[PDB]
Every structure is written in structure tokens, then in C-alpha cells.
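One structure is given here, and the rest of the page talks about it.
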Amino acid sequence: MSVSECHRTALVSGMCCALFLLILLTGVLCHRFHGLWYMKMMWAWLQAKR
């Protein structure tokens, strides 16, 4: 809306930051599913039969 072009940097900056949050969010669930994590992983581990 603003004749200024710099404004573009903002719109792009917003997404650039949101992307970082995606990496942190993964941790939020990691905690809630801290136990289930191993429960499921166990299936993948034994499946290999190392």
C-alpha cells in the first residue's frame, strides 16, 4: 500500500521468523510425547534387530 519499497523487507521478514519458530515448536511436542517417543522408537529399533 505504501509507495515505499522497503516495506517488502517486512513482509519477507515475517515469514523468515515464522520459519524459525517451526524448529522450536517441534520441541513443544517432544516434551508432551517424551515418553511415547521411546515407545514408538522401540518398534523401529527391534525391527532392525541390530
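Where a number appears in this text, it was derived from the coordinates with a stated rule and is not lab data. Cβ coordinates were reconstructed from backbone atoms using ideal geometry, including for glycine residues, and neighbour counts include every protein chain displayed.
Which of the residues spanning region 41-50 are surrounded by 10 or more Cβ atoms within 10 Å (Cβ to Cβ) and not aromatic (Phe, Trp, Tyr)?
Within region 41-50, the first condition is being surrounded by 10 or more Cβ atoms within 10 Å (Cβ to Cβ), and the residues that meet it are 41-42, 45.
Matches in region 41-50: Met41, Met42.
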Of the residues that make up region 16-39, is at least one within 22 Å of the chain's Cα centre (by Cα), surrounded by 10 or more Cβ atoms within 10 Å (Cβ to Cβ) and not in a helix (DSSP H, G or I)?
-> yes
